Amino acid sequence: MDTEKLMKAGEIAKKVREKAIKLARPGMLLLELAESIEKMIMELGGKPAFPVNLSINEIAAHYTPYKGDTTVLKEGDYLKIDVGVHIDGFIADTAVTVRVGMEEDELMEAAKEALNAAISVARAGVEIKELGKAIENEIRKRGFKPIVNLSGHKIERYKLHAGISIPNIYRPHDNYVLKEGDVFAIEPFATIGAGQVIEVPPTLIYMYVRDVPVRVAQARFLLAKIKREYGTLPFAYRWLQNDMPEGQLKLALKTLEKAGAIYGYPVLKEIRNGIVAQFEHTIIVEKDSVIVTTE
């Protein structure tokens, strides 16, 4: 409803993402990197739209450190930094892949070019299948495979994944027409593996879905807290770690997940352990072009 906040969120997302790239040096602790970016988001005037994802190599997405994580970056690691910022619910979602301490390679170039190719065809009145075809052709002509179950997505106020997605493959019936004012995150994922991700432990990210009558008090009040503190945007297990002892925390989240009150987003790994590269920008559809808010 207001492009000013979408542009502000995008400007902030761009700034933090570019600083995150500078911090991604061999030896950097992931936890330290994550907290710096999220603090930087704060210091600039926005709130995180979701916890910063730092996904290494075959880990495609949904990895955000936790208090006690000793993972450090290593030279040669294909680190995907996925950052989201929101200004009053208006979101900017962007991502880049850095090969730690090294230079970009062909796998990375395929994902980045696929993104450029989809932005180039996007405008009001274009069918989503057109973006999908653009993305897939760029990835496949370079000898890589697109990830079929991870895609771009429509973004609405306080709703990161609005329902309509922009696949990284051409689907003949993806006939949703981009409308003026539509906000979408386009995110090609390329890999040398099979082209599919699966969920694996641990679950570091969750999202509130519904108020469920939970009996045990500890879980009942956590839902209430999650509810008004995070609302409908994804939150990290890390964000709740100092609020209560880890043991009961894990139990409460489980109880809430088992009752269907919140849903967990387990780490996503490429099925054949193939390295995954990803690039992403958020766009606002205009009549004849698109505005890339995170560029």
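Sequential numbering from 1, following the sequence displayed.
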query = Do the CA atoms of 246-254 or those of 224-232 have the higher mean B-factor in the entry?
reply = 246-254
ask   = As stated in the PDB record, which stretch has the larger average Cα B-factor, 15-23 or 267-275?
value = 15-23
task = Name the one of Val209, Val177, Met108, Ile186 with the greatest CA B-factor according to the PDB entry.
result = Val209
request  = Determine which member of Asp77, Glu138, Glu130, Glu103 has the highest CA B-factor, using the values in the deposited entry.
outcome  = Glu103
request  = Just say lowest, middle or highest third for the CA B-factor of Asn57 relative to the other modelled residues in its chain.
outcome  = lowest
remark   = In terms of its chain's C-alpha B-factors, the third that includes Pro172 is the lowest
key: CA B-factor ranking of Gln196, expressed as a third of its chain   = lowest
query = Compared with the other modelled residues in the chain, in which third is the CA B-factor of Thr94?
reply = lowest
task = Going by the recorded CA B-factors, say which third of the chain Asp182 sits in, lowest, middle or highest.
result = middle
